[PDB]
Amino acid sequence: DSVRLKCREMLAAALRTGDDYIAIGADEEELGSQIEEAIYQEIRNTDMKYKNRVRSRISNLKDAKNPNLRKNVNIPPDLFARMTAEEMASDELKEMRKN
Amino acid sequence: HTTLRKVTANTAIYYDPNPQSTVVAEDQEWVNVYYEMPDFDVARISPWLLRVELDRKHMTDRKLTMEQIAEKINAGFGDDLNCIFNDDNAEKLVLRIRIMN
Amino acid sequence: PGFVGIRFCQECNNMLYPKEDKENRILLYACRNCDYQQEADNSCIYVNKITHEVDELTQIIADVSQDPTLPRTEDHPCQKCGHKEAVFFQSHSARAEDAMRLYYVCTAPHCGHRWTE
Ligand SMILES: [Zn+2]
Ligand SMILES: [Zn+2]
């Protein structure tokens, strides 16, 4: 269904923020389409009842205080899609504040 | 025993008829994430908004998350009560509760 | 968030309450008696500070500067007028009282400058 298509297109649109994908020189549409699959293969319901995963990956890629996460995608998508704290442990300043 | 009162910083009720131009500037950029790909129809979100902003100390002190709070509130009242919340990685822990039409 | 306050009807001087413009989807203020009505200024219906974040300065008053039962310090010249003598005391408000935070006021007339450090 198009539900997966639009939300992984939005994942690709999140990966490109700040031209970091171009500074690194990587193709982000493949990455977004793979990230949505990595999420779905764990949250395996058709309507993605827990699409908090996708919404949060989108936003956290767009989080300007943790651009290093946007840079990393070298931790592959298969790991990113599952991360607790929505992967913002990599921010390492919010992580220290929470600690 | 930890109720919504212990983790909340402040609460406010607003007439916020359009989240894509929400009355709170602090929330507009993160509300856009929830409204640029809405998982709900703009016609069922009531324009009346109850904003609850949480203390990161009282949330992190006990590892609480925006997801838990929204899930809990949706269960305590129900279909008549929509809940939106800021991302756990964002700077401000904010909840945006709206009556569902 | 701001702070909404009571407004009185120009017709009956009774308190005015917020009402939504069901058509234009905006906020209105209306008298519960007469149809006196006006468009609302805050977009906020209500606020409730759970933390009780408060501008203690609003409840502090300069008149306390002459209280003879108030401790005075020559050690803290007035930030406004520089006068050496200043009275100091704690913020007797439940959350401010729990914080035990001190407030200083100048012991100089018409100055009455009150500050916290
Ligand atoms: Zn009236
Ligand atoms: Zn002075």
# chains A, B, ... in the order shown; residues from 1 in each chain; ligands from 1
call {"tool": "interface_residues", "arguments": {"of": "chain B", "to": "chain C", "cutoff": "6 Å", "atoms": "only C-alpha atoms", "output": "PyMOL selection string"}}
result
chain B and resi 9-15
call {"tool": "residues_near_ligand", "arguments": {"ligand": "ligand 2", "cutoff": "6 Å", "atoms": "only C-alpha atoms and all ligand atoms", "output": "list in words"}}
result
residues 78, 80, 81, 82, 83, 106, 108, 111, 112 and 113 of chain C
call {"tool": "write_last_selection", "arguments": {"atoms": "N, CA, C and O atoms", "output": "PDB file, in the first residue's frame"}}
result
ATOM      1  N   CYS C  78      22.724  49.428  46.796  1.00  0.00           N
ATOM      2  CA  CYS C  78      21.633  49.302  45.844  1.00  0.00           C
ATOM      3  C   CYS C  78      22.115  49.297  44.401  1.00  0.00           C
ATOM      4  O   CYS C  78      22.830  50.194  43.958  1.00  0.00           O
ATOM      5  N   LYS C  80      20.428  49.925  41.909  1.00  0.00           N
ATOM      6  CA  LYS C  80      19.866  51.080  41.228  1.00  0.00           C
ATOM      7  C   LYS C  80      20.544  52.358  41.701  1.00  0.00           C
ATOM      8  O   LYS C  80      21.172  53.065  40.909  1.00  0.00           O
ATOM      9  N   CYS C  81      20.438  52.670  42.988  1.00  0.00           N
ATOM     10  CA  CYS C  81      20.983  53.918  43.493  1.00  0.00           C
ATOM     11  C   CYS C  81      22.340  53.745  44.161  1.00  0.00           C
ATOM     12  O   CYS C  81      22.936  54.742  44.576  1.00  0.00           O
ATOM     13  N   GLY C  82      22.850  52.522  44.285  1.00  0.00           N
ATOM     14  CA  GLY C  82      24.135  52.365  44.934  1.00  0.00           C
ATOM     15  C   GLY C  82      24.150  52.574  46.434  1.00  0.00           C
ATOM     16  O   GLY C  82      25.203  52.386  47.052  1.00  0.00           O
ATOM     17  N   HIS C  83      23.028  52.934  47.051  1.00  0.00           N
ATOM     18  CA  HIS C  83      23.038  53.158  48.488  1.00  0.00           C
ATOM     19  C   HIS C  83      23.416  51.889  49.225  1.00  0.00           C
ATOM     20  O   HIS C  83      22.888  50.810  48.957  1.00  0.00           O
ATOM     21  N   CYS C 106      16.432  48.280  48.622  1.00  0.00           N
ATOM     22  CA  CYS C 106      17.188  49.454  49.034  1.00  0.00           C
ATOM     23  C   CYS C 106      16.517  50.212  50.174  1.00  0.00           C
ATOM     24  O   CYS C 106      15.302  50.417  50.183  1.00  0.00           O
ATOM     25  N   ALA C 108      16.509  53.306  50.827  1.00  0.00           N
ATOM     26  CA  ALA C 108      16.563  54.692  50.383  1.00  0.00           C
ATOM     27  C   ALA C 108      15.201  55.068  49.810  1.00  0.00           C
ATOM     28  O   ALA C 108      14.686  54.368  48.922  1.00  0.00           O
ATOM     29  N   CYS C 111      13.608  55.330  45.989  1.00  0.00           N
ATOM     30  CA  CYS C 111      14.437  54.388  45.261  1.00  0.00           C
ATOM     31  C   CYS C 111      13.761  53.034  45.390  1.00  0.00           C
ATOM     32  O   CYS C 111      13.303  52.451  44.401  1.00  0.00           O
ATOM     33  N   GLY C 112      13.692  52.533  46.626  1.00  0.00           N
ATOM     34  CA  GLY C 112      13.022  51.289  46.929  1.00  0.00           C
ATOM     35  C   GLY C 112      13.367  50.158  45.994  1.00  0.00           C
ATOM     36  O   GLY C 112      12.556  49.251  45.793  1.00  0.00           O
ATOM     37  N   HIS C 113      14.567  50.170  45.428  1.00  0.00           N
ATOM     38  CA  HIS C 113      14.867  49.183  44.409  1.00  0.00           C
ATOM     39  C   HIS C 113      14.962  47.821  45.067  1.00  0.00           C
ATOM     40  O   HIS C 113      15.665  47.639  46.065  1.00  0.00           O
TER      41      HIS C 113
END
call {"tool": "residues_near_ligand", "arguments": {"ligand": "ligand 1", "cutoff": "7 Å", "atoms": "only C-alpha atoms and all ligand atoms", "output": "VMD selection string"}}
result
chain C and resid 9 to 14 31 to 36
call {"tool": "write_last_selection", "arguments": {"atoms": "C-alpha atoms", "output": "mmCIF file, in the first residue's frame"}}
result
data_model
loop_
_atom_site.group_PDB
_atom_site.id
_atom_site.type_symbol
_atom_site.label_atom_id
_atom_site.label_comp_id
_atom_site.auth_asym_id
_atom_site.auth_seq_id
_atom_site.Cartn_x
_atom_site.Cartn_y
_atom_site.Cartn_z
ATOM 1 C CA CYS C 9 -18.925 43.513 29.923
ATOM 2 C CA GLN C 10 -19.086 47.120 28.817
ATOM 3 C CA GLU C 11 -22.880 46.773 28.820
ATOM 4 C CA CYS C 12 -23.502 45.042 32.177
ATOM 5 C CA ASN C 13 -19.894 45.032 33.505
ATOM 6 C CA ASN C 14 -20.327 41.347 34.225
ATOM 7 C CA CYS C 31 -20.766 38.376 28.001
ATOM 8 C CA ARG C 32 -22.849 35.539 29.416
ATOM 9 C CA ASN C 33 -25.819 37.852 29.891
ATOM 10 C CA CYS C 34 -26.175 40.299 27.031
ATOM 11 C CA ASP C 35 -24.894 39.420 23.573
ATOM 12 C CA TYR C 36 -22.072 41.866 24.141
#
call {"tool": "select_by_dssp", "arguments": {"residues": "stretch 9-48 of chain B", "states": "alpha helix (DSSP H)", "output": "NGL selection string"}}
result
:B and (25-35)
call {"tool": "interface_residues", "arguments": {"of": "chain B", "to": "chain A", "cutoff": "12 Å", "atoms": "only C-alpha atoms", "output": "ChimeraX atom specification"}}
result
/B:29-39,55-68,70-71,84-92
call {"tool": "atom_distance", "arguments": {"atom1": "atom CA of residue C:74", "atom2": "atom CA of residue C:86"}}
result
6.6 Å
call {"tool": "residues_around", "arguments": {"residues": "residue B:44", "least_positions_apart": "5", "cutoff": "12 Å", "atoms": "only C-alpha atoms", "output": "VMD selection string"}}
result
chain B and resid 17 38 to 39 79 to 83 98 to 101
call {"tool": "residues_around", "arguments": {"residues": "stretch 29-35 of chain A", "least_positions_apart": "4", "cutoff": "7 Å", "atoms": "only C-alpha atoms", "output": "list in words"}}
result
residues 8, 9, 11, 12, 39, 77, 78 and 81 of chain A
call {"tool": "write_last_selection", "arguments": {"atoms": "N, CA, C and O atoms", "output": "CSV table (one decimal), in the first residue's frame"}}
result
chain,number,residue,atom,x,y,z
A,8,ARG,N,8.2,6.3,3.7
A,8,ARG,CA,9.7,6.1,3.4
A,8,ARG,C,10.2,7.2,2.4
A,8,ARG,O,11.4,7.5,2.5
A,9,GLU,N,9.3,7.8,1.6
A,9,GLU,CA,9.7,9.0,0.8
A,9,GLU,C,10.0,10.1,1.8
A,9,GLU,O,11.0,10.8,1.6
A,11,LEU,N,11.1,9.6,4.9
A,11,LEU,CA,12.4,9.2,5.5
A,11,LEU,C,13.5,9.7,4.6
A,11,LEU,O,14.5,10.3,5.1
A,12,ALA,N,13.4,9.5,3.3
A,12,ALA,CA,14.4,10.0,2.3
A,12,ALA,C,14.6,11.5,2.4
A,12,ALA,O,15.7,12.0,2.4
A,39,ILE,N,12.1,-1.0,9.7
A,39,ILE,CA,11.1,-0.7,10.8
A,39,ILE,C,9.9,-1.7,10.6
A,39,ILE,O,9.5,-2.3,11.6
A,77,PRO,N,21.1,1.0,8.4
A,77,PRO,CA,19.7,1.1,8.8
A,77,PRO,C,19.1,0.0,9.6
A,77,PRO,O,18.3,0.3,10.5
A,78,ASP,N,19.5,-1.2,9.4
A,78,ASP,CA,19.0,-2.4,10.1
A,78,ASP,C,19.1,-2.2,11.6
A,78,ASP,O,18.2,-2.7,12.4
A,81,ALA,N,16.8,1.4,12.9
A,81,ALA,CA,15.3,1.3,12.9
A,81,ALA,C,14.8,0.8,14.3
A,81,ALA,O,13.7,1.0,14.6
call {"tool": "atom_distance", "arguments": {"atom1": "atom CA of residue A:41", "atom2": "atom CA of residue A:16"}}
result
23.7 Å
call {"tool": "atom_distance", "arguments": {"atom1": "atom CA of residue B:3", "atom2": "atom CA of residue B:73"}}
result
10.8 Å
call {"tool": "select_by_dssp", "arguments": {"residues": "chain C", "states": "strand (DSSP E or B)", "output": "number ranges by chain"}}
result
C: 7-8, 15-21, 26-31, 37-39, 44-48, 72-73, 86-90, 102-106, 114-115
call {"tool": "closest_residue", "arguments": {"among": "A:43, A:73, A:61, A:48", "to": "residue A:27", "atoms": "only C-alpha atoms"}}
result
A:73
